[PDB]
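Cβ sites come from the backbone with ideal geometry, for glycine too, and all protein chains shown count toward neighbours. What follows is calculated from the coordinates using simple rules that are stated; it is not laboratory data.
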Amino acid sequence: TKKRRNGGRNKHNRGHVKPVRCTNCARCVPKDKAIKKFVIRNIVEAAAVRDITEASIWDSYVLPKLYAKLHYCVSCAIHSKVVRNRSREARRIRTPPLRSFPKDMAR
Amino acid sequence: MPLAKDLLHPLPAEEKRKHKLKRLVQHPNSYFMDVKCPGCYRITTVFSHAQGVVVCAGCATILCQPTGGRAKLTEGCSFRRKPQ
Amino acid sequence: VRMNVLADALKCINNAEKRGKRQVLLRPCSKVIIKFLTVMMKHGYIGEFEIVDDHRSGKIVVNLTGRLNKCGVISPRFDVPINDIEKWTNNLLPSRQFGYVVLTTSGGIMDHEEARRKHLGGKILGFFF
Amino acid sequence: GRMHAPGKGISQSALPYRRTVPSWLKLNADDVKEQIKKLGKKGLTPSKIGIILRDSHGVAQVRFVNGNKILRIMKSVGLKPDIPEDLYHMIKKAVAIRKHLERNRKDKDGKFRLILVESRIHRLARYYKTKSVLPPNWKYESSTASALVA
Amino acid sequence: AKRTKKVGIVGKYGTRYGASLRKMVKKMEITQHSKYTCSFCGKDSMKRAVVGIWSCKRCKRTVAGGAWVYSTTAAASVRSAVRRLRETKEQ
Amino acid sequence: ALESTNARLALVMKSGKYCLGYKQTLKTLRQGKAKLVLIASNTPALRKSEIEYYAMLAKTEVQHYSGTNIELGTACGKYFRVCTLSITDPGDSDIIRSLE
Amino acid sequence: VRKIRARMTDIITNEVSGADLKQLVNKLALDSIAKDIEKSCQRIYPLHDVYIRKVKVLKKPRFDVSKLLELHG
RNA sequence: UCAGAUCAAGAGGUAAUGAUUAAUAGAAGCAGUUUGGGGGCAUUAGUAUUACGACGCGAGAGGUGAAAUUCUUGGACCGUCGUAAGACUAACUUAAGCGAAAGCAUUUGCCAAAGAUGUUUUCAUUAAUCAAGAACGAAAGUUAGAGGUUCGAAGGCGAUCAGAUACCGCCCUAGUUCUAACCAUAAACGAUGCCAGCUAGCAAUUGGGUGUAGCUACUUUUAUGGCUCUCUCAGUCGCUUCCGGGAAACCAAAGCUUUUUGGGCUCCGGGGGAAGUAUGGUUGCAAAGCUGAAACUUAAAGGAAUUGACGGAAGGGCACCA
RNA sequence: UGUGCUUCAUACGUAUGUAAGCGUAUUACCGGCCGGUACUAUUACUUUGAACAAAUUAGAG
């Protein structure tokens, strides 16, 4: 049976939409059927940051951030546990939650 | 609401809102401009959603410009909306 | 497109009484369908309706009680003689106590009780009970 | 709606209930006779005469100021077109798709738009040959067509 | 009537040479022997004298053309390209 | 084939007077009767240059049409090819004031 | 978008034809185009941070140190 | 002459002297304002990946579960400026948009077309759906040229493994690329034909219109632009439950299929196999496509859900028979 | 051209369910209200008929 009203995602008024490549897997999965992670990361862990701001000649030199987007195969995002096996009533929730912590995945 | 039953006589600001077509009797949202352009005061009668530019006898410049909906007069058009 | 006005103003009645509204707007009132409601008006089922006269096709704002159960149309308009008028009351109407199948006989638009005494036959125009 | 397209959007004119208004008109009601045809002599199709007189005179609807329509007034003068207007413009479109296709081929979506407009010139021809404003023996042949509309 | 279902102008080589080389030469065997419309006076009179040279029976203009087609597509993409370099390098 | 003179030609082909060809055109241009001479793209350069030398002498303006022989004739309604026409009395068109 | 992209291409091609780089790099050392590419286009859309982001110098005219001594000295 | 009848009346005069509506049907227009990764052709940009040229460096480098194949006649890898070529158009990118569907994303020009909105424009039933027939139809495959970076079926090596014609790793071939043709199939899916009427909430957004001295950029405020709430069309999304329906999963349609019902049109199915086979016909260059049985066999095949089973299923926990 | 009024014939001041009188003329004559009588846009549908074997069937006795 039809497990989702979305199916993948967002395939309405398109017919067929472009694919991207997975990161860990290097698949060719649709752009919309894709776990996407716009990952912002500090370059220097923010725990070895005091070693680096010692060597900063300038005004302690506020650190640049790393920017990427993690297009994921579905079978290779469950495997890396970005997403997991929700309950059938928890399946329906999309926007909640942010609601966790300060800045995650950095650490 | 099982009793919107004054379809016979709705409140005239409600049907003012509705549409030109969706109401009980279709009716235009338009009118006619008896304009008095102060360059020369010969009165020309135009349509509001004009479907045509217009000249005058003396001040024959443009007097009206096309748009999507209501055609915009050229800011020196001392008009008065009237059924005369 | 509208291959019946009589279907697009009798389901529009029937869909608005199962929700229990007190007034239905029908469109666009062929004089076939006015004399269909006039059959239903004089048997109690329909209030005194109002015909808004815009000069395109017409609109009616029909009052109603709530006694109606299923007031539909038969299509296509099968020509029914008098001897096979009861094969269309048996399998259609709930019991022979009440209900009507409306006919367009050669004289006018009438139900199946007035036609079987006046001895007229015609086409089936719809039904209500 | 839209026999050849998906878009079911409704929009039209909403003509009011009152008929003989203008109650303010400057001249005779039937002096639009000598401005239907004086702008009919400038080659204007009656769609363009129905909106050039909305703004100068400015008449609202001709079939209430006079007795009958704009197309009937022009042939009462004698300015009826060689081909009626909703075929004159429907063919000038299908002409222009062919002139675009005699230089820009590889285009299978302007070609598709030609089969649409040609399948409905053949629907207005198939009707105008019944109501007898086009004679019989009148077809859409696309090799003579560009000298009709130009 | 129609005399051949499929060969057209290459029924003259009939049952000779194999079906593909008859099919292949037929594309060239039609455009050569065609009358192209003359691009100098307008008539359907621009026929081929020899390989590569085309001439018009009225107006008396001989042109230099392709082996079978009057103007090749590889040469009209040069006449375009040259005048869009001529537009830049002149003014 | 600009649609601003193709629309104006088809009015002179119903209301106007003209002469549709080269030898009738110089008949008009010698007679001081042409108002406007359209000439084709395709028309040869001597026939071109002596049309303009007559129109210099007869004060008629020459419009250079943007199409061949096959396209002036089509835009004149005709099933033949025109390379020269001289409009001598336009009825409804304002082809006199239409600039290039 | 295409109306401001029209407007961004005409002012900076009035700035670049602008008395060679001793004026021009001094403009981008002030970002003086970025304060006039901003206030002009806000008759079309209120625009965000404008960053000139890249300049290639794909062609170089001549070496000729007579034009370098007032440029370096 | 009456002329039984039958042609035409001295035609200029006496007849309200004759054209229904204009569909919240369609079509076409517009001084219309637009809008959209819609299609075509030119033009043009972006880094990247290669491959080479210089120059510095010094023995490693690719890769992987661990590897090896492989690259270093050291000048590789790496760093760097480069030149050249073919591809692909990121990020912005959405529950946005366009398109008949397949599909569509660097600007800029030109070309033709489209929905929608607006409209006291035009015509007057021109419309609805559809055997036959036509046009388009991802990818792959096929022809004939031009290309030929990346990738890569096939093939050739290295491992792993009892086996490994596989997964994993290396150079690669047809192909991907462009042109001119062919082919006509996809889970071509929303597994949901098209036009039409009705039936409800709630919130967002695409497009257009119209009142907000709502704000608001500044030529001075105004003209505009941006948004604000307030309407309004065509919707599309989203979520909540019907006076809904269904076997359920579930769905504002998949409801109004009442109490065997009825707006119209078209296509398809009748237990499972044998089988989309055989065969004939037709299309095709081929691959193959559109048609399409029976013999025999079979008491079940199947759908949505429930409890256990409690395994490369994630979660949270426990134990010296861990 | 849908009916309205005026009605009266007709179930009980009420009910026309047969009809008659105004919407300028629902077909011209003679007969004693009544007959001969001149004149009928169309088809589908429908009313009652005509017309035609019996046996069967329905079925009366």
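Would you point out the residue of segment E:1-51, among those that are surrounded by 13 or more Cβ atoms within 10 Å (Cβ to Cβ) and of a type in the set (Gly, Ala, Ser), that is nearest to F:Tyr79 (Cα to Cα)?
So the residue we want is E:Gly42.
(1) without any contact (Cβ under 8 Å) to a residue 60 or more places away in the chain; (2) surrounded by fewer than 18 Cβ atoms within 10 Å (Cβ to Cβ); (3) more than 14 Å from chain B (Cβ to nearest Cβ); (4) among the hydrophobic types (A, V, I, L, M, F, W, C): which one isn't true of D:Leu27, the others all being true?
(3)
In the list B:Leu11, B:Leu24, which residue meets the criterion of being of a type outside the set (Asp, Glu) and in contact with a strand residue (DSSP E or B) (Cβ under 8 Å, 6 or more places away or on another chain)?
Numbers: B:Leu11 fails: in contact with a strand residue (DSSP E or B) (Cβ under 8 Å, 6 or more places away or on another chain).
That would be B:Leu24, the only listed residue that is of a type outside the set (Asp, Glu) and in contact with a strand residue (DSSP E or B) (Cβ under 8 Å, 6 or more places away or on another chain).
In segment D:32-84, how many residues are assigned to a helix (DSSP H, G or I) and within 11 Å of chain B (Cβ to nearest Cβ)? Even if it seems obvious, please write down each step before you answer.
First, the residues of segment D:32-84 that are assigned to a helix (DSSP H, G or I): D:32-36, D:46-52, D:62-65, D:70-77.
From what's left, within 11 Å of chain B (Cβ to nearest Cβ): D:47-52.
Residues flagged as assigned to a helix (DSSP H, G or I) and within 11 Å of chain B (Cβ to nearest Cβ) within segment D:32-84 amount to 6.
Conditions (1) free of Cβ contacts under 8 Å to residues at least 12 places away in the same chain; (2) within 15 Å of the chain's Cα centre (by Cα); (3) more than 14 Å from chain B (Cβ to nearest Cβ), marked per residue:
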| site | (1), (2), (3) |
| --- | --- |
| C:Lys18 | yes, no, no |
| C:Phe36 | no, yes, yes |
| C:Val39 | no, yes, yes |
| C:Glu50 | no, no, no |
| C:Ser57 | no, no, no |
| C:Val61 | no, no, no |
| C:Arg67 | no, yes, yes |
| C:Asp79 | no, no, yes |
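Looking only at segment F:39-57, which residues are surrounded by fewer than 18 Cβ atoms within 10 Å (Cβ to Cβ), hydrophobic (A, V, I, L, M, F, W, C) and more than 14 Å from chain E (Cβ to nearest Cβ)?
F:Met56, F:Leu57
Just checking: which of the strands (runs of 3 or more DSSP E) contained wholly in segment C:21-129 hold 3 or more residues that are within 16 Å of RNA strand I (Cβ to nearest atom) and not basic (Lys, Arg)?
Numbers: elements: C:23-26, C:50-52, C:59-63, C:100-105, C:122-128.
Those strands (runs of 3 or more DSSP E) span C:100-105, C:122-128.
Taking only segment A:48-95 into account, find how many residues are among the aromatic types (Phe, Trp, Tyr), within 22 Å of A:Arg27 (Cα to Cα) and surrounded by 10 or more Cβ atoms within 10 Å (Cβ to Cβ). Outline the logic, then answer.
Quick first cut of segment A:48-95, residues among the aromatic types (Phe, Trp, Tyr) only: A:58, A:61, A:67, A:72.
Imposing the further condition that a residue be within 22 Å of A:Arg27 (Cα to Cα) reduces the set to A:67, A:72.
From the residues that got through so far, the ones that are surrounded by 10 or more Cβ atoms within 10 Å (Cβ to Cβ) too are A:72.
Of the residues in that region, 1 qualify.
Find all pairs meeting these conditions: Cβ atoms under 8 angstrom apart; at least six residues apart or on different chains; first residue within segment B:19-44 and at the interface with chain D (Cβ under 7 Å from one of its Cβ atoms) and more than 17 Å from D:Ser56 (Cβ to Cβ); second residue among the hydrophobic types (A, V, I, L, M, F, W, C) and in a loop (DSSP other than H, G, I, E, B).
Listed by first residue and then by second, the contacts come to B:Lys20/D:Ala14; B:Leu21/D:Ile10; B:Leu21/D:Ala14; B:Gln26/D:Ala14; B:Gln26/D:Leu15; B:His27/D:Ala14; B:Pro28/D:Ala14; B:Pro28/D:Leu15.
More than 16 Å from the chain's Cα centre (by Cα) and aliphatic (A, V, I, L, M), is that true of E:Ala75?
Values: more than 16 Å from the chain's Cα centre (by Cα): no; aliphatic (A, V, I, L, M): yes.
When the stated conditions are applied, E:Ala75 does not pass them.
Quick check on my filter: what residues within segment D:63-84 are closer than 13 Å to D:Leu148 by Cβ and either loosely packed, with under 13 Cβ neighbours inside 10 Å or free of Cβ contacts under 8 Å to residues at least 60 places away in the same chain (or both)? It would help to see each step written out before you state the result.
First, the residues of segment D:63-84 that are closer than 13 Å to D:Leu148 by Cβ: D:81-84.
Within segment D:63-84, D:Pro81, D:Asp82, D:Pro84 meet the criteria.
Restricting to segment C:94-111, count the residues that are free of Cβ contacts under 8 Å to residues at least 60 places away in the same chain, under 25 Å from C:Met3 (Cβ atoms) and within 13 Å of RNA strand H (Cβ to nearest atom).
Number of matching residues: 1.
Quick one: A:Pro30 ticks every box in (1) farther than 30 Å from A:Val62 by Cβ; (2) near RNA strand H (Cβ under 6 Å from one of its atoms) except a single one, so which number is it?
If we test A:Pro30 against (1) farther than 30 Å from A:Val62 by Cβ; (2) near RNA strand H (Cβ under 6 Å from one of its atoms), just (2) comes out false.
Looking only at helices (runs of 4 or more DSSP H) that lie completely in chain G, which have at least 1 residues being acidic (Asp, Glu)? Step through it out loud before you land on a result.
Numbers: elements: G:2-15, G:24-30, G:36-39.
Where helices (runs of 4 or more DSSP H) fall fully within chain G and carry at least 1 residues being acidic (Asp, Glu), they are G:2-15, G:36-39.
Just checking, how many residues over segment F:80-94 are over 28 Å from D:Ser143 (Cα atoms) and part of a loop (DSSP other than H, G, I, E, B)? Steps first, please.
Of all residues in segment F:80-94, those over 28 Å from D:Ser143 (Cα atoms) come to F:88-92, F:94.
Retained after the next criterion (residues that are part of a loop (DSSP other than H, G, I, E, B)): F:88, F:90-92, F:94.
The qualifying residues number 5.
So if I check each of F:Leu11, F:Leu36, which one is within 14 Å of chain D (Cβ to nearest Cβ) and crowded, with 17+ Cβ neighbours inside 10 Å?
Only one candidate qualifies: F:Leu11.
Hey, can you tell me all the residues within segment F:65-79 that are more than 20 Å from F:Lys23 (Cβ to Cβ), within 13 Å of the chain's Cα centre (by Cα) and part of a loop (DSSP other than H, G, I, E, B)?
If the condition is that a residue be more than 20 Å from F:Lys23 (Cβ to Cβ), within 13 Å of the chain's Cα centre (by Cα) and part of a loop (DSSP other than H, G, I, E, B), then F:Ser66, F:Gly67 are the ones that fit.
So which of D:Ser132, D:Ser143 ends up being under 25 Å from F:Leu2 (Cα atoms), exposed (fewer than 12 other Cβ atoms within 10 Å of the Cβ) and not basic (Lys, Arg)?
Details: D:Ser132 fails: under 25 Å from F:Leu2 (Cα atoms).
Being under 25 Å from F:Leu2 (Cα atoms), exposed (fewer than 12 other Cβ atoms within 10 Å of the Cβ) and not basic (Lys, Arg) holds for just one of D:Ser132, D:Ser143, which is D:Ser143.
In the set F:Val12, F:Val82, F:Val37, F:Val62, which member is over 27 Å from E:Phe40 (Cβ atoms) and within 12 Å of the chain's Cα centre (by Cα)?
None of the other options fit; the residue is F:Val12.
For D:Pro22, all conditions in the list (1) in contact (Cβ under 8 Å) with a residue 12 or more places away in the chain; (2) within 14 Å of chain B (Cβ to nearest Cβ); (3) under 27 Å from D:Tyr128 (Cα atoms) hold save one; what is the number of the exception?
Going through (1) in contact (Cβ under 8 Å) with a residue 12 or more places away in the chain; (2) within 14 Å of chain B (Cβ to nearest Cβ); (3) under 27 Å from D:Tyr128 (Cα atoms) one by one, D:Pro22 breaks only (3).
Please work out if F:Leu38 is at negative phi, part of a helix (DSSP H, G or I) and in contact (Cβ under 8 Å) with a residue 12 or more places away in the chain. Let's see the steps before the verdict.
Numbers: at negative phi: yes; part of a helix (DSSP H, G or I): no; in contact (Cβ under 8 Å) with a residue 12 or more places away in the chain: yes.
Spelling it out, it is not the case that F:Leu38 is at negative phi, part of a helix (DSSP H, G or I) and in contact (Cβ under 8 Å) with a residue 12 or more places away in the chain.
Restricting the search to segment F:58-100, which residues are away from chain E (no Cβ under 14 Å) and without any contact (Cβ under 8 Å) to a residue 12 or more places away in the chain?
F:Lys59, F:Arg97, F:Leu99, listed by residue number.
Please work out if D:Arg2 is exposed (fewer than 14 other Cβ atoms within 10 Å of the Cβ), more than 14 Å from the chain's Cα centre (by Cα) and either closer than 22 Å to B:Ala71 by Cα or away from chain B (no Cβ under 14 Å) (or both). Reasoning before the result, please.
Details: exposed (fewer than 14 other Cβ atoms within 10 Å of the Cβ): yes; more than 14 Å from the chain's Cα centre (by Cα): yes; either closer than 22 Å to B:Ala71 by Cα or away from chain B (no Cβ under 14 Å) (or both): yes.
Judged against the criteria, D:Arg2 is a match.
On the basis of being in a strand (DSSP E or B) and at the interface with another protein chain (Cβ under 9 Å from one of its Cβ atoms), does B:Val54 make the cut?
Values: in a strand (DSSP E or B): no; at the interface with another protein chain (Cβ under 9 Å from one of its Cβ atoms): yes.
Considered against the rule, which asks whether it is in a strand (DSSP E or B) and at the interface with another protein chain (Cβ under 9 Å from one of its Cβ atoms), B:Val54 comes out as no.
Residues being under 30 Å from C:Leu26 (Cβ atoms) and crowded, with 16+ Cβ neighbours inside 10 Å: count how many of those fall in segment B:25-66. Full working, then the answer.
Start the filter on segment B:25-66 by keeping residues that are under 30 Å from C:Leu26 (Cβ atoms), which leaves B:25-30.
Narrowing further to those that are crowded, with 16+ Cβ neighbours inside 10 Å: B:26-27, B:30.
Adding up the residues that qualify gives 3.
If a residue has to be more than 9 Å from RNA strand H (Cβ to nearest atom), touching a residue at least 12 places away in the same chain (Cβ under 8 Å) and basic (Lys, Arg) to count, how many in segment D:99-150 make the cut?
Count: 1.
With respect to D:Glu118, is the statement that it is among the acidic types (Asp, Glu), surrounded by 14 or more Cβ atoms within 10 Å (Cβ to Cβ) and away from RNA strand I (no atom under 16 Å from the Cβ) true?
Values: among the acidic types (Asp, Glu): yes; surrounded by 14 or more Cβ atoms within 10 Å (Cβ to Cβ): yes; away from RNA strand I (no atom under 16 Å from the Cβ): yes.
Here the answer is yes, as D:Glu118 does meet what is asked.
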